[PDB]
There are 2 protein chains.
Amino acid sequence: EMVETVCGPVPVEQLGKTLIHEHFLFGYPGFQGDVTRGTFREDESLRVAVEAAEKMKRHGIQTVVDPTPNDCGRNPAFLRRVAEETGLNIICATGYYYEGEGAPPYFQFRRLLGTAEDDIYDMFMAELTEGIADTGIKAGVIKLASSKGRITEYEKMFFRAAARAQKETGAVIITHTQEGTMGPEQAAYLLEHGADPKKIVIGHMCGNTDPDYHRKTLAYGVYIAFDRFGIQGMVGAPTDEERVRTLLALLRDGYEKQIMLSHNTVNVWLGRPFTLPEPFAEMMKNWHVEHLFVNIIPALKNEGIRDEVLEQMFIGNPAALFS
Amino acid sequence: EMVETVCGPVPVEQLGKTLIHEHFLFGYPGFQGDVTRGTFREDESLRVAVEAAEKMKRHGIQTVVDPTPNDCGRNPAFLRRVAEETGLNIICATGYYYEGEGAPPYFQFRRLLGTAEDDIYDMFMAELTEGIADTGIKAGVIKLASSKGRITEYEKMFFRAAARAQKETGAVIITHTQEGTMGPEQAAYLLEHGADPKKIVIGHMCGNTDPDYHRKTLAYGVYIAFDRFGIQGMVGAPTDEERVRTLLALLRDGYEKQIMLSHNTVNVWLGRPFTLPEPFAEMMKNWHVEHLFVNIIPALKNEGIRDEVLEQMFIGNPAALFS
Ligand SMILES: CCCC(=O)N[C@H]1CCOC1=O
Ligand SMILES: CCCC(=O)N[C@H]1CCOC1=O
Ligand SMILES: [Fe+3]
Ligand SMILES: [Fe+3]
Ligand SMILES: [Zn+2]
Ligand SMILES: [Zn+2]
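- Per the PDB record, this model was obtained through X-ray crystallography at a reported resolution of 1.6000 Å.

- The PDB entry annotates chain A as Phosphotriesterase of Geobacillus kaustophilus.
- Its UniProt record, at the heading Sequence similarities (unreviewed entry), says of chain A: "Belongs to the metallo-dependent hydrolases superfamily. Phosphotriesterase family."

## Some thoughts on the relation of the copies chain B and chain A
Copies of the same chain, two in number, are related to each other by a rotation about an axis and a translation along it.
Part 1 of the reasoning: Taken as rigid bodies, chain B and chain A are interconverted by a rotation of 180° and an axial shift of 0.0 Å, the fit giving an RMSD of 0.0 Å. Within this description, the copies of the chain are treated as partners about a two-fold rotation axis. Of the C-alpha atoms belonging to chain B, the one lying closest to the rotation axis is found on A103 of chain B, 3.0 Å away.

## With respect to the coordination of the zinc ion (ligand 5)
Residues and elements named next belong to chain A.
Part 1 of the reasoning: Around the zinc ion (ligand 5), the protein contributes the donor atoms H21 (NE2), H23 (NE2) and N264 (OD1), which lie 2.1 to 2.3 Å from the metal centre.
Part 2 of the reasoning: All donor residues of the zinc ion (ligand 5) come from one chain, and their arrangement in sequence is H-x1-H-x240-N.
Part 3 of the reasoning: The iron ion (ligand 3) is placed at 3.5 Å from the zinc ion (ligand 5).
Part 4 of the reasoning: We classify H21 as buried; its relative accessible area is 1%.

## Overview of the sheet that holds strand β3 (residues 18–19) of chain A
Residue and element names in this part refer to chain A.
Part 1 of the reasoning: Taken together, the 8 strands give an open sheet; going across it, the order is β3-β5-β6-β7-β8-β9-β10-β11, and neighbouring strands pair in parallel fashion. Looking at which strands have only one partner, the edges of the open sheet turn out to be β3 and β11 (259–261).
Part 2 of the reasoning: As paired strands, strand β10 (residues 223–226) and β11 are joined by 3 bridges and run parallel to one another. Pairing of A225 across the sheet is with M260, part of β11.

## Description of the packing of helix α3 (residues 105–113) of chain B against helix α4 (residues 116–129) of chain B
All names here are of chain B.
Part 1 of the reasoning: As a packed pair, α3 and α4 sit with axes 7 Å apart at the nearest point and diverge in direction by 125°. Classified by the angle between their axes, α3 and α4 sit oblique to one another. Counted together, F107, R110 and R111 of α3 and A116, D119 and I120 of α4 form the full contact between these two elements.
Part 2 of the reasoning: Per-class residue counts for the contact of α3 with α4 are 3 nonpolar, no polar and 3 charged.

## Structural notes on the sheet that holds strand β11 (residues 259–261) of chain B
The pairing of strands in a sheet comes from backbone hydrogen bonds and takes either a parallel or an antiparallel form.
Residues and elements named next belong to chain B.
Part 1 of the reasoning: The 8 strands are arranged β3-β5-β6-β7-β8-β9-β10-β11 in an open sheet whose pairing can be described as parallel. The open sheet has two edge strands, β3 (18–19) and β11, and neither has a second partner.
Part 2 of the reasoning: Pairing analysis gives 2 bridges linking β3 to strand β5 (residues 63–66), with the strands arranged parallel. Its bridge partner being in β5, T18 is matched across the sheet by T63.
Part 3 of the reasoning: Relative to the sheet, helix α11 (residues 307–322) contacts β3, β5, β6 (89–94), β7 (141–145), β8 (172–176), β9 (200–202), β10 (223–226) and β11, its axis offset from that of β11 by approximately 115°.

Reading the values: rules and limits
- Residues numbered from 1 in each chain as written, not as in the entry; some residues may be left out.
- Chains lettered and ligands numbered in written order.
- Heavy atoms only, no water.
- UniProt positions renumbered as here; feature names shortened; annotations may be inferred.
- Least-squares fit on C-alpha atoms.
- Donors = N, O, S within 2.8 Å, 3.2 Å for Na, K, Ca; no water.
- Buried < 20%, exposed > 50% of the residue type's maximum accessible area, 1.4 Å probe, protein only.
- Pairing = 2+ DSSP bridges.
- Helix = DSSP H or I, 4+ residues; strand = E, 2+ residues; numbered from the N terminus.
- Axes fitted to C-alpha atoms, helices over the stretch in contact; angles between N-to-C directions.
- Parallel < 35°, antiparallel > 145°, perpendicular 65-115°, else oblique.
- Contact = heavy atoms within 4.5 Å.
- Nonpolar A, V, L, I, M, F, W, Y, C, P; charged D, E, K, R; others polar.

Structure follows, in structure tokens:
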């Protein structure tokens with residue numbers, strides 16, 4: 001029926017063509033400490049974010065899910081500015097990043113007080129059903145994240161609280177997997193705690209190039225996201241050629257109704273500007289919001305993937321997920 | 001001669017009685033993500049901070065050093081509001097917390113880009129000599145922090161940059177030591193890189209109850225701070241009785257000109273309010289800004305410590321340190 005967006009409730013039937021994982025803003029925890037050299041340029045960032053939105057619109061995209069974690073610079077009022085400007089539906093998340101690159105000290109301390117897991121659940125419920133801060137914006141998804149080869153004790157608090165919140169709210173869960181690990185483990189743990197597989201997207205699955213790993217995850221009935229197209233040679237990521245090979249295998253094996261695609265772009269980096277060193281720069285040059293539509297999709301079509309299959313992924317699947 | 005305070009340059013001769021380590025505000029990294037349930041109450045926090053300042057003033061304190069790390073909610077304009085209100089001199093810091101409870105992902109990423117250590121030096125220089133953000137406030141100290149039993153590779157970037165900045169600026173360095181470890185190692189590493197021991201305070205030394213450890217550190221010519229009076233049974237801290245025993249040994253051994261005292265209070269916690277569980281609550285009940293003056297000092301006097309020795313610690317030493 002309905003999903004909460006940064007502009008309020010929208011009928012799921014009107015989401016249309018959707019990108020399941022992109023970031024308008026993103027900062028690595030600690031960016032706040034580099035304020036003198038890395039101040040947030042409100043108006044300039046908005047122009048940049050708005051242009052990204054317009055680029056997506058030119059390729060038919062009507063909706064973007066931006067699951068920026070709470071501890072990584074999430075800014076719903078900023079997202080609303082983008083939406084009010086461009087007409088794009090933007091759905092935001094409630095949740096924390098994984099332990100390795102997130103900001104665990106705060107909830108690790110509350111865990112010592114013995115209230116962390118309850119406090120996280122309370123946060124999820126407030127942001128799903130009441131509003132984020134004083135913005136009046138509700139999250140439409142819960143974001144979860146795990147570490148390489150482990151769901152840590154810290155991370156597990158969020159997993160359990162997320163399952164609890166989903167049972168109460170029906171909210172969609174979208175996950176981060178680190179370096180192609182823990183996909184099946186995330187699904188099985190969430191389902192153990194009562195989560196609904198039809199409301200779960202296991203993310204960054206494109207980080208693993210073994211189709212058997214994908215099938216192991218898909219067996220749980222969840223969605224999987226190939227959501228890092230364009231990211232090559234960093235964060236342990238495979239090449240797009242490898243992503244495409246893996247994707248083609250799964251589509252030809254009939255898994256179209258469980259797969260979604262995205263880039264995981266960061267359109268505005270929080271903190272101090274930087275330039276990637278030439279090694280990484282070249283490999284990452286295709287990491288932008290138009291990449292799927294100008295490079296990947298054409299390659300898929302040339303490989304015989306039909307328009308109806310593409311439509312299932314970009315339109316059909318997000319509609320089912322949120323409805 | 002002069003030191004930068006949150007209200008501009010002040011003659012070091014007018015610092016008077018000083019507390020070397022207290023926090024008006026402090027949050028564990030990740031507090032930002034708990035904004036819905038943990039919003040910062042600007043006006044209420046100011047009242048609380050101002051009352052803390054007034055309590056200190058009633059015991060003769062004229063100056064407080066607040067070394068809240070950049071990644072732990074440092075807010076110089078807020079400190080200025082307190083100072084403009086109460087007349088208290090407040091000196092603030094530039095620096096990041098230790099790896100375990102700080103926010104390393106940001107500079108760990110820049111380390112991958114190969115610019116982190118240079119960027120940290122640039123930050124220190126900007127905040128020491130130009131101003132923090134657009135506040136116009138300059139830091140008067142560089143804050144450094146190390147982990148339990150290790151100065152990590154992450155932490156070392158800050159240590160090296162701090163030594164580099166001190167050589168250029170003459171800024172005072174104040175450190176955090178974790179669970180009574182690395183005191184001698186911090187001094188030796190800073191001195192290796194050209195830092196001036198007469199401009200260094202090794203902090204949280206009260207966390208170690210072996211006077212030989214203290215002497216090992218003192219041998220470098222640095223200051224040491226017994227700066228966590230009131231903290232008992234948490235963060236691996238000893239009891240105040242143990243702190244006093246250790247302190248008495250060092251004073252009776254003639255180290256008065258190298259020792260400073262403080263509480264490390266957190267007067268306003270950032271994020272969601274909390275209550276310590278009864279075990280910790282009782283042990284921590286003396287953790288407040290008046291504790292040194294109403295409990296510890298009287299105990300020292302009863303142990304025969306003379307007024308001139310107390311004056312050396314609270315007045316003489318900070319004057320020498322900053323001049
Ligand atoms: C800049 C190299 C690519 C990269 O760091 N991607 C990161 C940014 C935010 O989510 C990611 O996966
Ligand atoms: C609340 C228990 C005591 C504690 O956590 N102290 C912390 C707060 C900030 O610097 C510290 O040393
Ligand atoms: Fe991710
Ligand atoms: Fe400390
Ligand atoms: Zn992402
Ligand atoms: Zn402190």
